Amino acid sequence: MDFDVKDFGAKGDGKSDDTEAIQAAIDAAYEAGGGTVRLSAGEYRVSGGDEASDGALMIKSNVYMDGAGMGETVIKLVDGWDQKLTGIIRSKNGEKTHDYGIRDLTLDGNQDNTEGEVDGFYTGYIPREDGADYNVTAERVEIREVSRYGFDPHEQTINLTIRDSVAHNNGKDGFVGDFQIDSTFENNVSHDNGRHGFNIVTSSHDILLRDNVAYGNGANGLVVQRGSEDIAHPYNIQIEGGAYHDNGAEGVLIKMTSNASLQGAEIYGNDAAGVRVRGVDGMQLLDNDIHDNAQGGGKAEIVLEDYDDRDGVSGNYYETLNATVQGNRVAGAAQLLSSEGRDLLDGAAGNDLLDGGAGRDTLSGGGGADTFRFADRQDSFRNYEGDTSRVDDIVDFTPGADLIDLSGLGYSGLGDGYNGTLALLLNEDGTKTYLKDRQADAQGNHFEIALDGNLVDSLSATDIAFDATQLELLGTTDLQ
């Protein structure tokens, strides 16, 4: 049943400290085995406790707080508070709080008239220990003017849902998902925050980020990252729809993550690249609308690169691996670099740079003048048995516009395929054109590239850069 706050002494007048009265309703709801704590319209002032871990209000299992709506019910920290406050509404440290939530209310951190790191909504059990909160809901909720973190569900929370909510004008990050498991952020807006719109961090996995919007933030619109410590990377991160635009850094940044997906998003107006991918094992970048990024300088709308943490906390080198980039509309250059394993990399209207590294890769440039780089003779080859797998294929090579970059391979030019030349051949059925080194190396391998289509007559020497000098003259991108 319902427990109205005013029936416990809450005023909601903007002056009286209602922390005890509102906490009384929570305790009554928790003691009743569960219930809804209801707040009619008004601004309810609230103060913290002795320590930061006390937060301000402590929500408990099976207790739900329902206000009169965003802007109508406002829970605001008192003027003059000067202590770190981890969660204006929070669950208890060391307790597995479950089946609780908050709806239709505004949390105001009052950073203008307070000092100290303030977080709005804090969940979780115990940092670096096993155990979790679970079944946590936030619906139609505004968190604003907190000095550090607006929505800050923390380690660990399972089945957190935040939908139709807003975080804005917060000191650091509007949304932080810190070791969230099996959780959903849907149809949220995070804007004009000090650093990040959304920040998924600290081993979070199986996260859906659907139709979220982030703009005007001082840093990334959305960042998915390991964080500063040598712990398990996040994985299984599905970013669907929404829009990440006009942010002070990349629109979407993903680093040291496994099996990430970014699909159907509108990404524009950011100061850095629209999408940046740094050492990600399994990356899908499909059907996005990416334009007018790198407003603060920069040469690329999309950046795929490694993450070298050898001098960092983990001491490891993290390659970007198992990448699929298809169907994107990109009004600018895409830098699509991957490594060992099969990669499918499609460029777009821009002058793109493509390199699948080791393994059998399928590359396509799309519109514009694109450079297909082959950095190592073992990145595309046919073996002693003639096994045509491990040979790359370029779908749409356009003679006179695109470029094959062999500048590091040490071949002199086109020829009969021996003595450092490459032979230009056509397969029997007329469907594929091969660049082949007929000279086997010590392991029986032949460097070889397949070009879909018949290009033995249209492809000329100026379409291939065989050394650094030729790459300087013929390079179609400024990304090298």
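Each form is matched to the other, and the largest set of C-alpha atoms that superpose within 1.5 Å is called the rigid core. When you see a residue number, it is the position in the sequence shown, counting from 1.
Chemist: Going by root mean square C-alpha distance after a core fit, say whether 381-389 or 303-311 is farther from the shown form in 4 other deposited structures of this protein.
Modeler: Comparing 381-389 with 303-311, the larger C-alpha deviation in 4 other deposited structures of this protein belongs to 381-389.
Chemist: Which of 38-46 and 425-433 lies farther, on average, from the shown form in 4 other deposited structures of this protein once the rigid core is superposed (C-alpha RMS)?
Modeler: Output: 425-433, the stretch lying farther off on average in 4 other deposited structures of this protein.
Chemist: Higher mean Cα B-factor in the deposited model: 447-455 or 38-46?
Modeler: Mean CA B-factor is higher for 38-46.
Chemist: What stretch has the higher average Cα B-factor here, 2-10 or 471-479?
Modeler: Averaged over C-alpha atoms, the B-factors run higher in 2-10.
Chemist: By the CA temperature factor listed in this entry, which of these ranks top: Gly341, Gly109, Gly221, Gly171?
Modeler: Spelled out: the listed residue with the top C-alpha B-factor is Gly109.
Chemist: In terms of CA temperature factor as recorded, identify the highest of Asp104, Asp192, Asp376, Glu186.
Modeler: That would be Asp104.
Chemist: Test of reading the entry: by CA B factor among the chain's modelled residues, which third contains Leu403?
Modeler: Middle third of the chain for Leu403's C-alpha B-factor.
Chemist: Ranked by Cα temperature factor within the chain, is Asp361 in the lowest third, the middle third or the highest third?
Modeler: It falls in the bottom third of the chain.
Chemist: Can you work out whether the C-alpha temperature factor of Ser228 puts it in the lowest, middle or highest third of the chain?
Modeler: It belongs to the lowest third of the chain when residues are ordered by C-alpha B-factor.
Chemist: Looking at the temperature factor on the CA atom of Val330, which third of the chain's modelled residues does it land in?
Modeler: Answer is middle: the recorded C-alpha B-factor places it there.
Chemist: Lowest, middle or highest third: where is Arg390 by Cα B-factor in its chain?
Modeler: Its C-alpha B-factor, which the entry lists for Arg390, ranks in the highest third among residues of this chain.
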